[PDB]
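Visitor: Mind looking over this structure? Questions follow.
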Number of protein chains: 4
Amino acid sequence: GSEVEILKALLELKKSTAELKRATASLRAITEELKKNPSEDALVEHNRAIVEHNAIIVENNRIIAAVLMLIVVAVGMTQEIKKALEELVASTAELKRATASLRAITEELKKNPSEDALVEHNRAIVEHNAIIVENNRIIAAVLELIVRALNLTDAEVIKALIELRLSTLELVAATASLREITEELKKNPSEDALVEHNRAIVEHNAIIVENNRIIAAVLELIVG
Amino acid sequence: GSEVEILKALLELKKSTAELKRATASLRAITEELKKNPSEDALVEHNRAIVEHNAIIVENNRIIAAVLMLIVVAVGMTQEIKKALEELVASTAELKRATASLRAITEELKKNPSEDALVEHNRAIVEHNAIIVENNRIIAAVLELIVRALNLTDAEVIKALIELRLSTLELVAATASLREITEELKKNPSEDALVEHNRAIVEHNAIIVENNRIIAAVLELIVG
Amino acid sequence: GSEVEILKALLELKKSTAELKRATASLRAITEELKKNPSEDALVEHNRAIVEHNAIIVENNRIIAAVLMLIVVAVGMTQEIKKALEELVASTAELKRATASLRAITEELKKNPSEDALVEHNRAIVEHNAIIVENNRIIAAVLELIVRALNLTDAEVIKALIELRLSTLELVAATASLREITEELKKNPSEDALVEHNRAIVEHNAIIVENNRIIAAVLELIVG
Amino acid sequence: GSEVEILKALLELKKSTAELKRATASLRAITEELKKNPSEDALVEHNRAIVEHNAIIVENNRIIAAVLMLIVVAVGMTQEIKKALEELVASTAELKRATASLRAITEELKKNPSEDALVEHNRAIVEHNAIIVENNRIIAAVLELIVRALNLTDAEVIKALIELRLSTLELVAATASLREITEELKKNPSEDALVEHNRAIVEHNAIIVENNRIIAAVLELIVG
């Protein structure tokens, strides 16, 4: 793909440079030879027009190449985006499996409220949060790939990406804390440990909500 | 390149759709089963949070896919752009050759102002204008490819492209008229035919200037 | 066709320009000669009226040429449209043949439900979808030709065309995926492969429906 | 040009009609044969999707042909427009010659105010008005050609054209009256005849101004 397109852009720069050098040489040959006898009006006026036309063409070639380099840089990220998508697809499928599992657990817990079903409920919630964390990590990575691929410079998007990175650090640390709390609850289940675990979950969900808010802000800036 | 990236985007849409269907099924199973006994607070609150998280993830996947499709469409034009560049490079090289030829003719005409050298001058000028016309046709084509590749909707760029197309029609018709006038001058050279030819050249150059102005306006709109 | 009409428009521009230059020259000759003796009222008032009349005529010629250039640009696409129509006609005829084949297969399959008839049914469905994809590609191309020929600038039509291009990319990728799934079913037919294939068909039809919706929106915008 | 494009549109209508007939035949064969055994779900659902796809394609072909017929009708007027332009160009050139003649007369009359120069002045003014009348007749004709070529239905443009036709009748009658007055002045020149002639000129110019106002209104409606 871009391996050849870029080689052609380089060939274009070489040819427009050679054109510029030759057009400049005629510019000067014209001034020096025609000033000798201004009565040769057609020759000097035609050659000056030729020089202006070439100068414009060279400037246009420079601008066109400058734009195509942006298309080329977007093209060169095809494999990075493809891999980010493969990860996002696997994450989505895992999230779906966790949701179906949780639904089945909910039905079993309500129909037959065995303590084991409550344990399975909390386990499913922890798996779901781990999946959300992986999903948001993958999305943040794909957002960075999109921002880079589109060559965005908007200060608002850069700041939003910084906020996203910080919120993903907070989300990962909170996730690790939630997993440790769940394991401690499992080892020594109790009413106090269970209420502390439920509080840890509420705080974790609040963090996820903030992370999703930031992701939404980044997407809004990219789309709009 | 885009052949696989797009297949992955379609796979993502399939998976986010399956996730949405499953998240919806749990949304309803939760509401209907939990209203039976609101005292199971942890189960209903955790599952509602789960549903909100999935709904957000599905919406984000939709938006991300929508953006990546714009990158994919830009990527899919790689071969069209490569061919447009090959044409532009060949045109640039031909323009350079015409310029070098004209410079050599100018030097020969000034050093030895034979009538044959004036004839060669007018021939070189006509070849140069034919080259500009081919060059601007190629640039207009690459500009359309750029506008399509970047998915631009700005009304100003669309109008500028329309003006460009019209000016390229005017330029081609004027070029054909100039070639016919040159052939008539060559067949029956005279002072009156020569002055009419020089006027034809001035009008042609004015048309080229307008065509380049429009191209510059289009590039300004694309870059800025 | 347009080759001569445009040459005439250029001749008109040349003549209205010469008229403008001469009308301006009399404008000034009038001011300078008549201010010498304002008592020559009839001469100055008549010549001023003459100048205003010419200025109006020059402006009208400019506007008329500007409109006719839009008619000329629409005319110049005659061969591109003719070729797009030839493709659309061939596509329509092929779609008809596929439909008649499918009808005959349906009758044979219901009258004698041999497994081979089911295989032929799925083959006919795949051919039909391939035909729809070619038909919609051709229509999208003719829509672009119509939009360009009519010099439309409506932001809504430009956006609809962008959506169309993206949906045609999705449609082509889905079609390739459907063909591959059908080939895999043919090589290893089974109940699970057959149900997966039928699901692939349902998803493909949903994509076709969306592509047709976008095409309909574009046609609505062109007609209305 | 349009001779072939229109034949292709007719071929398209023939082929889309045949498609419609076959799609309808399968629609009915499907309903009647499948109701015999609704358990053949894949066959009935696939064929119903096939029928919907064909119905949509047929409606789209009808709409596309309806638009292309408007392009074809615009194309078919190429020779009428070309001839209107040839007339407008000849009119412009004649107007330029009259203007240059009037300028030379003005210079001669001011430099050497011979009675013969005043006679030539009034003659040149009458010729100029005759030229304006021919120019506006030609413009009104080209406006009618443009309105027909663009298939405009706007009530405002139709009314403006009616007003134009009426004003051109007034302009022609006034022109004939001015010519008769000029001939009477020439045969029996006098101060009273000269002042009556000058009044006739003022009234004629007022009529020309109104005719140009209407033409401008028509152009405004066509462009906007």
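All residue names refer to the structure tokens as shown: chains lettered A, B, ... in order, residues numbered from 1 in each chain, ligands numbered from 1 in order.
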All in-order C-alpha pairs, least squares, chain C moved onto chain B. Output the fitted coordinates as a PDB file with C-alpha atoms, in the first residue's frame, please.

Guide:
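Saved result, selection-v4.pdb, follows:
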ATOM      1  CA  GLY C   1      -5.141  -3.485   3.279  1.00  0.00           C
ATOM      2  CA  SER C   2      -8.712  -2.281   3.685  1.00  0.00           C
ATOM      3  CA  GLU C   3     -10.021  -5.680   2.578  1.00  0.00           C
ATOM      4  CA  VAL C   4      -9.308  -7.136   6.019  1.00  0.00           C
ATOM      5  CA  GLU C   5      -9.760  -4.053   8.195  1.00  0.00           C
ATOM      6  CA  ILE C   6     -13.307  -3.710   6.863  1.00  0.00           C
ATOM      7  CA  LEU C   7     -14.016  -7.403   7.444  1.00  0.00           C
ATOM      8  CA  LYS C   8     -12.938  -6.882  11.034  1.00  0.00           C
ATOM      9  CA  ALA C   9     -15.201  -3.855  11.353  1.00  0.00           C
ATOM     10  CA  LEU C  10     -18.097  -6.038  10.185  1.00  0.00           C
ATOM     11  CA  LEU C  11     -17.168  -8.672  12.744  1.00  0.00           C
ATOM     12  CA  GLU C  12     -17.139  -5.954  15.397  1.00  0.00           C
ATOM     13  CA  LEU C  13     -20.616  -4.839  14.398  1.00  0.00           C
ATOM     14  CA  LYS C  14     -21.818  -8.430  14.662  1.00  0.00           C
ATOM     15  CA  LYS C  15     -20.341  -8.824  18.133  1.00  0.00           C
ATOM     16  CA  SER C  16     -21.543  -5.507  19.495  1.00  0.00           C
ATOM     17  CA  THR C  17     -25.002  -6.348  18.178  1.00  0.00           C
ATOM     18  CA  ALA C  18     -24.982  -9.704  19.948  1.00  0.00           C
ATOM     19  CA  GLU C  19     -23.805  -7.928  23.092  1.00  0.00           C
ATOM     20  CA  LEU C  20     -26.629  -5.411  22.821  1.00  0.00           C
ATOM     21  CA  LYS C  21     -29.201  -8.155  22.445  1.00  0.00           C
ATOM     22  CA  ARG C  22     -27.858 -10.023  25.480  1.00  0.00           C
ATOM     23  CA  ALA C  23     -27.511  -6.886  27.602  1.00  0.00           C
ATOM     24  CA  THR C  24     -31.109  -6.044  26.786  1.00  0.00           C
ATOM     25  CA  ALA C  25     -32.213  -9.547  27.733  1.00  0.00           C
ATOM     26  CA  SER C  26     -30.582  -9.203  31.118  1.00  0.00           C
ATOM     27  CA  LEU C  27     -32.070  -5.712  31.503  1.00  0.00           C
ATOM     28  CA  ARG C  28     -35.524  -7.229  31.268  1.00  0.00           C
ATOM     29  CA  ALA C  29     -34.790 -10.376  33.247  1.00  0.00           C
ATOM     30  CA  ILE C  30     -33.569  -8.060  35.994  1.00  0.00           C
ATOM     31  CA  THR C  31     -36.657  -5.872  36.024  1.00  0.00           C
ATOM     32  CA  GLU C  32     -39.042  -8.860  36.099  1.00  0.00           C
ATOM     33  CA  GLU C  33     -37.170 -10.947  38.648  1.00  0.00           C
ATOM     34  CA  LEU C  34     -36.099  -8.207  41.005  1.00  0.00           C
ATOM     35  CA  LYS C  35     -39.470  -6.466  41.233  1.00  0.00           C
ATOM     36  CA  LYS C  36     -40.650  -9.727  42.820  1.00  0.00           C
ATOM     37  CA  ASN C  37     -38.593  -8.912  45.934  1.00  0.00           C
ATOM     38  CA  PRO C  38     -37.047  -5.421  46.090  1.00  0.00           C
ATOM     39  CA  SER C  39     -35.190  -6.370  49.291  1.00  0.00           C
ATOM     40  CA  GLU C  40     -32.499  -8.024  47.124  1.00  0.00           C
ATOM     41  CA  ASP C  41     -30.891  -4.624  46.699  1.00  0.00           C
ATOM     42  CA  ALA C  42     -27.338  -5.672  45.848  1.00  0.00           C
ATOM     43  CA  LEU C  43     -28.466  -7.939  43.015  1.00  0.00           C
ATOM     44  CA  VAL C  44     -30.708  -5.372  41.337  1.00  0.00           C
ATOM     45  CA  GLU C  45     -28.281  -2.485  41.746  1.00  0.00           C
ATOM     46  CA  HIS C  46     -25.326  -4.488  40.480  1.00  0.00           C
ATOM     47  CA  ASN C  47     -27.202  -5.771  37.470  1.00  0.00           C
ATOM     48  CA  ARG C  48     -28.494  -2.303  36.613  1.00  0.00           C
ATOM     49  CA  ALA C  49     -24.952  -0.963  36.701  1.00  0.00           C
ATOM     50  CA  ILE C  50     -23.926  -3.849  34.452  1.00  0.00           C
ATOM     51  CA  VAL C  51     -26.656  -2.960  31.970  1.00  0.00           C
ATOM     52  CA  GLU C  52     -25.680   0.706  31.843  1.00  0.00           C
ATOM     53  CA  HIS C  53     -22.038  -0.213  31.333  1.00  0.00           C
ATOM     54  CA  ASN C  54     -22.897  -2.497  28.438  1.00  0.00           C
ATOM     55  CA  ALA C  55     -25.168   0.086  26.831  1.00  0.00           C
ATOM     56  CA  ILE C  56     -22.323   2.595  26.911  1.00  0.00           C
ATOM     57  CA  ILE C  57     -19.871   0.075  25.474  1.00  0.00           C
ATOM     58  CA  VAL C  58     -22.261  -0.715  22.612  1.00  0.00           C
ATOM     59  CA  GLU C  59     -22.680   2.968  21.800  1.00  0.00           C
ATOM     60  CA  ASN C  60     -18.923   3.495  21.875  1.00  0.00           C
ATOM     61  CA  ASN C  61     -18.345   0.549  19.553  1.00  0.00           C
ATOM     62  CA  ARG C  62     -20.815   2.042  17.106  1.00  0.00           C
ATOM     63  CA  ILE C  63     -19.047   5.410  17.123  1.00  0.00           C
ATOM     64  CA  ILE C  64     -15.587   3.872  16.826  1.00  0.00           C
ATOM     65  CA  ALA C  65     -16.674   1.811  13.840  1.00  0.00           C
ATOM     66  CA  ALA C  66     -18.212   4.931  12.297  1.00  0.00           C
ATOM     67  CA  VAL C  67     -14.872   6.766  12.506  1.00  0.00           C
ATOM     68  CA  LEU C  68     -12.778   3.854  11.345  1.00  0.00           C
ATOM     69  CA  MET C  69     -14.999   3.542   8.286  1.00  0.00           C
ATOM     70  CA  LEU C  70     -13.785   7.012   7.310  1.00  0.00           C
ATOM     71  CA  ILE C  71     -10.204   5.935   7.689  1.00  0.00           C
ATOM     72  CA  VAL C  72     -10.967   2.789   5.677  1.00  0.00           C
ATOM     73  CA  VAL C  73     -12.554   4.764   2.854  1.00  0.00           C
ATOM     74  CA  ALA C  74      -9.484   6.988   2.700  1.00  0.00           C
ATOM     75  CA  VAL C  75      -7.288   3.862   2.599  1.00  0.00           C
ATOM     76  CA  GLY C  76      -9.269   2.231  -0.218  1.00  0.00           C
ATOM     77  CA  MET C  77      -8.239   4.979  -2.652  1.00  0.00           C
ATOM     78  CA  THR C  78      -4.532   4.085  -2.429  1.00  0.00           C
ATOM     79  CA  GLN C  79      -4.352   2.723  -5.982  1.00  0.00           C
ATOM     80  CA  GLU C  80      -6.341   5.597  -7.469  1.00  0.00           C
ATOM     81  CA  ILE C  81      -4.021   8.073  -5.798  1.00  0.00           C
ATOM     82  CA  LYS C  82      -0.929   6.143  -6.845  1.00  0.00           C
ATOM     83  CA  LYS C  83      -2.043   6.259 -10.474  1.00  0.00           C
ATOM     84  CA  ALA C  84      -2.885   9.957 -10.238  1.00  0.00           C
ATOM     85  CA  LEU C  85       0.602  10.565  -8.851  1.00  0.00           C
ATOM     86  CA  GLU C  86       2.258   8.562 -11.597  1.00  0.00           C
ATOM     87  CA  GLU C  87       0.457  10.772 -14.105  1.00  0.00           C
ATOM     88  CA  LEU C  88       1.444  13.925 -12.231  1.00  0.00           C
ATOM     89  CA  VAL C  89       5.088  12.834 -12.124  1.00  0.00           C
ATOM     90  CA  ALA C  90       5.149  12.092 -15.840  1.00  0.00           C
ATOM     91  CA  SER C  91       3.529  15.473 -16.484  1.00  0.00           C
ATOM     92  CA  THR C  92       6.084  17.280 -14.319  1.00  0.00           C
ATOM     93  CA  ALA C  93       8.947  15.586 -16.149  1.00  0.00           C
ATOM     94  CA  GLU C  94       7.438  16.512 -19.514  1.00  0.00           C
ATOM     95  CA  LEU C  95       7.002  20.100 -18.376  1.00  0.00           C
ATOM     96  CA  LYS C  96      10.666  20.161 -17.378  1.00  0.00           C
ATOM     97  CA  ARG C  97      11.700  18.884 -20.795  1.00  0.00           C
ATOM     98  CA  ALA C  98       9.574  21.534 -22.491  1.00  0.00           C
ATOM     99  CA  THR C  99      11.104  24.225 -20.282  1.00  0.00           C
ATOM    100  CA  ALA C 100      14.663  23.143 -21.052  1.00  0.00           C
ATOM    101  CA  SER C 101      13.820  23.051 -24.752  1.00  0.00           C
ATOM    102  CA  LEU C 102      12.335  26.532 -24.586  1.00  0.00           C
ATOM    103  CA  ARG C 103      15.393  27.867 -22.761  1.00  0.00           C
ATOM    104  CA  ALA C 104      17.701  26.429 -25.413  1.00  0.00           C
ATOM    105  CA  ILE C 105      15.487  27.898 -28.121  1.00  0.00           C
ATOM    106  CA  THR C 106      15.573  31.301 -26.434  1.00  0.00           C
ATOM    107  CA  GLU C 107      19.367  31.240 -26.379  1.00  0.00           C
ATOM    108  CA  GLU C 108      19.537  30.146 -30.025  1.00  0.00           C
ATOM    109  CA  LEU C 109      16.962  32.736 -31.116  1.00  0.00           C
ATOM    110  CA  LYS C 110      18.737  35.594 -29.371  1.00  0.00           C
ATOM    111  CA  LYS C 111      22.193  34.514 -30.556  1.00  0.00           C
ATOM    112  CA  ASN C 112      21.034  33.854 -34.152  1.00  0.00           C
ATOM    113  CA  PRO C 113      17.569  35.350 -34.736  1.00  0.00           C
ATOM    114  CA  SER C 114      16.661  33.216 -37.746  1.00  0.00           C
ATOM    115  CA  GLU C 115      12.998  33.070 -38.741  1.00  0.00           C
ATOM    116  CA  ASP C 116      13.158  29.321 -38.151  1.00  0.00           C
ATOM    117  CA  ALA C 117      14.059  30.053 -34.535  1.00  0.00           C
ATOM    118  CA  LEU C 118      10.931  32.188 -34.154  1.00  0.00           C
ATOM    119  CA  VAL C 119       8.863  29.343 -35.580  1.00  0.00           C
ATOM    120  CA  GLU C 120      10.491  26.969 -33.105  1.00  0.00           C
ATOM    121  CA  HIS C 121       9.721  29.437 -30.315  1.00  0.00           C
ATOM    122  CA  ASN C 122       6.019  29.451 -31.113  1.00  0.00           C
ATOM    123  CA  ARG C 123       6.003  25.664 -31.434  1.00  0.00           C
ATOM    124  CA  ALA C 124       7.650  25.337 -28.018  1.00  0.00           C
ATOM    125  CA  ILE C 125       5.104  27.732 -26.517  1.00  0.00           C
ATOM    126  CA  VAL C 126       2.236  25.645 -27.874  1.00  0.00           C
ATOM    127  CA  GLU C 127       3.779  22.455 -26.496  1.00  0.00           C
ATOM    128  CA  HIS C 128       4.215  24.165 -23.143  1.00  0.00           C
ATOM    129  CA  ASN C 129       0.572  25.199 -23.009  1.00  0.00           C
ATOM    130  CA  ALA C 130      -0.509  21.673 -23.928  1.00  0.00           C
ATOM    131  CA  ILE C 131       1.601  20.415 -21.037  1.00  0.00           C
ATOM    132  CA  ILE C 132       0.060  22.910 -18.624  1.00  0.00           C
ATOM    133  CA  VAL C 133      -3.388  21.758 -19.698  1.00  0.00           C
ATOM    134  CA  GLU C 134      -2.533  18.126 -19.045  1.00  0.00           C
ATOM    135  CA  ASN C 135      -0.949  19.066 -15.718  1.00  0.00           C
ATOM    136  CA  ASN C 136      -4.045  20.927 -14.562  1.00  0.00           C
ATOM    137  CA  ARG C 137      -6.328  18.117 -15.692  1.00  0.00           C
ATOM    138  CA  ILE C 138      -4.284  15.689 -13.604  1.00  0.00           C
ATOM    139  CA  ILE C 139      -4.258  18.022 -10.611  1.00  0.00           C
ATOM    140  CA  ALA C 140      -8.015  18.535 -10.810  1.00  0.00           C
ATOM    141  CA  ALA C 141      -8.416  14.758 -10.814  1.00  0.00           C
ATOM    142  CA  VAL C 142      -6.127  14.333  -7.826  1.00  0.00           C
ATOM    143  CA  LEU C 143      -7.965  17.111  -5.996  1.00  0.00           C
ATOM    144  CA  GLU C 144     -11.217  15.258  -6.522  1.00  0.00           C
ATOM    145  CA  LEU C 145      -9.525  12.114  -5.217  1.00  0.00           C
ATOM    146  CA  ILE C 146      -8.276  13.991  -2.143  1.00  0.00           C
ATOM    147  CA  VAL C 147     -11.650  15.584  -1.433  1.00  0.00           C
ATOM    148  CA  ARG C 148     -13.344  12.207  -1.716  1.00  0.00           C
ATOM    149  CA  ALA C 149     -10.635  10.452   0.318  1.00  0.00           C
ATOM    150  CA  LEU C 150     -10.955  13.011   3.120  1.00  0.00           C
ATOM    151  CA  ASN C 151     -14.775  12.893   3.061  1.00  0.00           C
ATOM    152  CA  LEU C 152     -15.036  16.671   2.943  1.00  0.00           C
ATOM    153  CA  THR C 153     -18.488  18.251   3.039  1.00  0.00           C
ATOM    154  CA  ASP C 154     -17.553  21.939   3.241  1.00  0.00           C
ATOM    155  CA  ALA C 155     -19.848  23.825   0.898  1.00  0.00           C
ATOM    156  CA  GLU C 156     -16.932  26.070  -0.031  1.00  0.00           C
ATOM    157  CA  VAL C 157     -14.809  23.171  -1.255  1.00  0.00           C
ATOM    158  CA  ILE C 158     -17.676  21.686  -3.251  1.00  0.00           C
ATOM    159  CA  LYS C 159     -18.294  25.024  -4.928  1.00  0.00           C
ATOM    160  CA  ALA C 160     -14.583  25.450  -5.597  1.00  0.00           C
ATOM    161  CA  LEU C 161     -14.483  22.032  -7.256  1.00  0.00           C
ATOM    162  CA  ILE C 162     -17.440  22.968  -9.449  1.00  0.00           C
ATOM    163  CA  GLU C 163     -15.686  26.181 -10.468  1.00  0.00           C
ATOM    164  CA  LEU C 164     -12.569  24.136 -11.176  1.00  0.00           C
ATOM    165  CA  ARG C 165     -14.447  21.727 -13.425  1.00  0.00           C
ATOM    166  CA  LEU C 166     -15.929  24.626 -15.378  1.00  0.00           C
ATOM    167  CA  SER C 167     -12.572  26.343 -15.699  1.00  0.00           C
ATOM    168  CA  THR C 168     -11.010  23.137 -16.965  1.00  0.00           C
ATOM    169  CA  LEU C 169     -13.680  22.996 -19.653  1.00  0.00           C
ATOM    170  CA  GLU C 170     -12.855  26.556 -20.640  1.00  0.00           C
ATOM    171  CA  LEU C 171      -9.138  25.760 -20.581  1.00  0.00           C
ATOM    172  CA  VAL C 172      -9.471  22.712 -22.822  1.00  0.00           C
ATOM    173  CA  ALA C 173     -11.591  24.575 -25.360  1.00  0.00           C
ATOM    174  CA  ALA C 174      -9.178  27.504 -25.368  1.00  0.00           C
ATOM    175  CA  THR C 175      -6.254  25.132 -25.817  1.00  0.00           C
ATOM    176  CA  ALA C 176      -7.834  23.505 -28.851  1.00  0.00           C
ATOM    177  CA  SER C 177      -8.502  26.941 -30.298  1.00  0.00           C
ATOM    178  CA  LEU C 178      -4.896  27.982 -29.692  1.00  0.00           C
ATOM    179  CA  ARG C 179      -3.572  24.869 -31.417  1.00  0.00           C
ATOM    180  CA  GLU C 180      -5.783  25.529 -34.428  1.00  0.00           C
ATOM    181  CA  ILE C 181      -4.652  29.154 -34.606  1.00  0.00           C
ATOM    182  CA  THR C 182      -1.012  28.085 -34.416  1.00  0.00           C
ATOM    183  CA  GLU C 183      -1.519  25.618 -37.259  1.00  0.00           C
ATOM    184  CA  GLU C 184      -3.154  28.327 -39.362  1.00  0.00           C
ATOM    185  CA  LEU C 185      -0.227  30.649 -38.638  1.00  0.00           C
ATOM    186  CA  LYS C 186       2.244  27.943 -39.649  1.00  0.00           C
ATOM    187  CA  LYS C 187       0.452  27.286 -42.942  1.00  0.00           C
ATOM    188  CA  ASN C 188       0.164  30.995 -43.891  1.00  0.00           C
ATOM    189  CA  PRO C 189       2.645  33.012 -41.813  1.00  0.00           C
ATOM    190  CA  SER C 190       2.167  36.778 -41.908  1.00  0.00           C
ATOM    191  CA  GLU C 191       2.412  39.851 -39.707  1.00  0.00           C
ATOM    192  CA  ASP C 192      -1.356  39.963 -39.204  1.00  0.00           C
ATOM    193  CA  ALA C 193      -1.607  36.247 -38.512  1.00  0.00           C
ATOM    194  CA  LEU C 194       1.332  36.503 -36.120  1.00  0.00           C
ATOM    195  CA  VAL C 195      -0.209  39.354 -34.143  1.00  0.00           C
ATOM    196  CA  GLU C 196      -3.525  37.502 -34.003  1.00  0.00           C
ATOM    197  CA  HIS C 197      -1.667  34.429 -32.749  1.00  0.00           C
ATOM    198  CA  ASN C 198       0.114  36.461 -30.073  1.00  0.00           C
ATOM    199  CA  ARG C 199      -3.243  37.820 -28.946  1.00  0.00           C
ATOM    200  CA  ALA C 200      -4.608  34.277 -28.806  1.00  0.00           C
ATOM    201  CA  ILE C 201      -1.643  33.398 -26.590  1.00  0.00           C
ATOM    202  CA  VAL C 202      -2.309  36.304 -24.248  1.00  0.00           C
ATOM    203  CA  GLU C 203      -5.953  35.257 -23.880  1.00  0.00           C
ATOM    204  CA  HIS C 204      -4.874  31.658 -23.304  1.00  0.00           C
ATOM    205  CA  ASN C 205      -2.412  32.684 -20.614  1.00  0.00           C
ATOM    206  CA  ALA C 206      -5.148  34.700 -18.909  1.00  0.00           C
ATOM    207  CA  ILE C 207      -7.292  31.566 -18.877  1.00  0.00           C
ATOM    208  CA  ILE C 208      -4.425  29.521 -17.440  1.00  0.00           C
ATOM    209  CA  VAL C 209      -3.982  32.128 -14.718  1.00  0.00           C
ATOM    210  CA  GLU C 210      -7.659  31.854 -13.796  1.00  0.00           C
ATOM    211  CA  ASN C 211      -7.477  28.047 -13.773  1.00  0.00           C
ATOM    212  CA  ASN C 212      -4.448  28.160 -11.482  1.00  0.00           C
ATOM    213  CA  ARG C 213      -6.227  30.626  -9.222  1.00  0.00           C
ATOM    214  CA  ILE C 214      -9.084  28.184  -8.794  1.00  0.00           C
ATOM    215  CA  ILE C 215      -6.700  25.279  -8.183  1.00  0.00           C
ATOM    216  CA  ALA C 216      -4.940  27.357  -5.544  1.00  0.00           C
ATOM    217  CA  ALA C 217      -8.273  28.117  -3.881  1.00  0.00           C
ATOM    218  CA  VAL C 218      -9.125  24.421  -3.738  1.00  0.00           C
ATOM    219  CA  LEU C 219      -5.759  23.553  -2.220  1.00  0.00           C
ATOM    220  CA  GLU C 220      -6.140  26.378   0.291  1.00  0.00           C
ATOM    221  CA  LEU C 221      -9.506  24.979   1.352  1.00  0.00           C
ATOM    222  CA  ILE C 222      -8.104  21.461   1.705  1.00  0.00           C
ATOM    223  CA  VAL C 223      -5.072  22.548   3.732  1.00  0.00           C
ATOM    224  CA  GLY C 224      -6.876  25.144   5.840  1.00  0.00           C
TER     225      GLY C 224
END
